[PDB]
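J.: To start, I am sharing the structure in question, which I have written as structure tokens.
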Amino acid sequence: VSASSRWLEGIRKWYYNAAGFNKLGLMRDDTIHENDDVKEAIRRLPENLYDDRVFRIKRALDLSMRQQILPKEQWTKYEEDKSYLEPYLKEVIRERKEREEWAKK
Amino acid sequence: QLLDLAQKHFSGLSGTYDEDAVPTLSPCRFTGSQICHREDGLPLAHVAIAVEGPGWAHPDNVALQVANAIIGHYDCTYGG
Amino acid sequence: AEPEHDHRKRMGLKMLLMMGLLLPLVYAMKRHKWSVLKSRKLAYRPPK
């Protein structure tokens, strides 16, 4: 909405490009560290998302090994980086926090 | 009886034939290689492993077949 | 202070001449075995 909020968004696009997982065809959520909440969120994913996730990780490990990167056109565009794990992971933490509120009284 | 019938029904593929397009098979290069179609949704795995064999005419197809018999075949319904 | 001087320079040449033969050779051994992975091709075929 704002000139400086377009600048936070352009600095975020800068960082995204500097992080460079997109160069390996990865999405942001592919790159997350696997904790207990995370493991459960992966577990809770539908078939199509899990299978795509597996392939994207597979592809990037293959590139990592051969020390290559994808052609520029095949990089994950910041605008279309689908945050597929978000609602799943938010729900797992929601559930944990409740259990923890219950374990308090 | 058979030769009579072949002249009776198959004659009429002569007049003039072949000449312009003579198609003989070129040999096929065998490659030591692997194809792996991972599918964990299928209950049992299927594996086919093979080396290059010599072909129809070769006299030592007989000896290979004897060794293939020694190894043989199995199935879970076999009594043995 | 260093009586071994002459001997260490001698075996040192032998060390360098051996490594110059062995380094590319062990590299080629590793590169041979690893070519199975380096040239491997992936295809993803999800259902309809």
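J.: Just to confirm the number: angle between the C-alpha axis of helix A:5-19 and the first principal axis of chain A, 0 to 90 degrees, nearest 10?
T.: 80
J.: Would you work out which of B:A57, A:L26, A:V54 lies farthest towards the positive end of the dipole of the protein assembly as shown, given +1 charges on the beta-carbon of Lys and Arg and -1 on that of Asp and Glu, about the Cα centre?
T.: Of the listed residues, the answer is A:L26.
J.: Treating only the Cβ of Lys, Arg, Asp and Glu as charged (+1, +1, -1, -1), what charge dipole size does the protein assembly as shown show about its Cα centre? Round to the nearest 20 debye.
T.: 1260
J.: If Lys and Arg each add +1 and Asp and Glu each add -1, what is the summed charge of the other residues whose beta carbon sits under 11 Å from the beta carbon of A:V54?
T.: Net charge around A:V54: 0.
J.: What is the ratio of the Cα radius of gyration of chain A to 2.2 N^0.38 Å, where N is its residue count, to two decimals?
T.: Values: Rg = 16.9 Å, N = 105, 2.2 N^0.38 = 12.9 Å.
Normalised Cα radius of gyration, chain A: 1.31.
J.: Please sort B:50-62, A:11-23 by packing, taking for each peptide the average over its residues of neighbouring beta carbons within 10 angstrom, highest first. All intermediate terms of the calculation are to be shown ahead of the outcome.
T.: Working: B:50-62: 8.6, A:11-23: 13.0.
Packing proxy ranking, top to bottom: A:11-23, B:50-62.
J.: List the equivalent ellipsoid semi-axes of the protein assembly as shown in whole Å, largest first, each obtained as the square root of 5λ for an eigenvalue λ of the Cα gyration tensor.
T.: Each semi-axis is √(5λ); the values are 55, 40, 26 Å.
J.: Rounded to the nearest Å, what's the spacing between the alpha carbon centres of the stretch B:1-48 and the stretch A:58-105? Just the number, please.
T.: Computed from Cα coordinates, the inter-centre distance equals 50 Å.
J.: Still on this structure, I have one more. Output the 0 to 90 degree angle, nearest 10, between the alpha-carbon long axis of helix B:61-71 and the longest principal axis computed from the alpha carbons of chain B.
T.: Between helix and principal axis, roughly 30 degrees.
J.: Next question, about the same structure. Relative to the Cα centre, what is the charge dipole magnitude of chain B, using +1 at the beta carbon of each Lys and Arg, -1 at the beta carbon of each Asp and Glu, and rounding to the nearest 20 debye?
T.: Dipole size: approximately 160 debye.
J.: For A:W75, A:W7, what ranking results if the residue with the fewest other Cβ atoms within 10 Å of its Cβ goes first?
T.: Starting with the residue having the fewest Cβ neighbours, the order is A:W7, A:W75.
J.: Could you name the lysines in cross-link range of C:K41, using Cα to Cα under 23 Å and dropping any fewer than eight places away on the same chain?
T.: A:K23, A:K58, A:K72, C:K30, C:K33
J.: I would also like to ask the following. Using a 10 Å cut-off around each Cβ of peptide C:36-48, what is the average number of partner chain Cβ atoms that fall inside?
T.: 3
J.: While we're here: Normalising by the residue count of chain A, find the relative contact order in percent from Cα pairs under 8 Å and 6+ residues apart.
T.: Taking the mean separation of contacting Cα pairs over the length of chain A, I get 40 percent.
J.: What Kirkwood hydrodynamic radius do you get for chain B when you take the inverse of the mean 1/r over all pairs of distinct Cα atoms, in Å?
T.: Kirkwood hydrodynamic radius for chain B: 19.5 Å.
J.: Using only DSSP helix segments of four residues or longer, with each worth -39500 (n - 2.57), what per-residue ellipticity at 222 nm results for chain A after dividing by its residue count and rounding to 500?
T.: Values: 4 runs with 60 residues, N = 105.
After summing the helix terms and dividing by residue count, I get -18500 deg cm²/dmol.
J.: Binned at 5 Å from 0, what are the whole-percent values of the Cα-Cα distance distribution for chain C, short to long?
T.: Values per bin, smallest distances first: 5, 15, 11, 11, 9, 9, 8, 7, 6, 5, 4, 3, 2, 2, 1, 1, 0.
J.: Turning to a different aspect of this structure: Cα to Cα, under 17 Å, and not fewer than 8 places away if on the same chain: which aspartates and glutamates meet these conditions relative to C:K14?
T.: C:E4, C:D6
J.: Additional query: Can you give me the distance in nm between label points at A:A18 and C:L25, each placed 7 Å from the Cα along the Cα-to-Cβ direction?
T.: 4.9
Readers should treat all values here as calculations from the given coordinates under stated rules, not as data from a laboratory. Quick reminder, even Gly has a Cβ in these numbers, built from the backbone with ideal geometry, and neighbours come from all protein chains shown.
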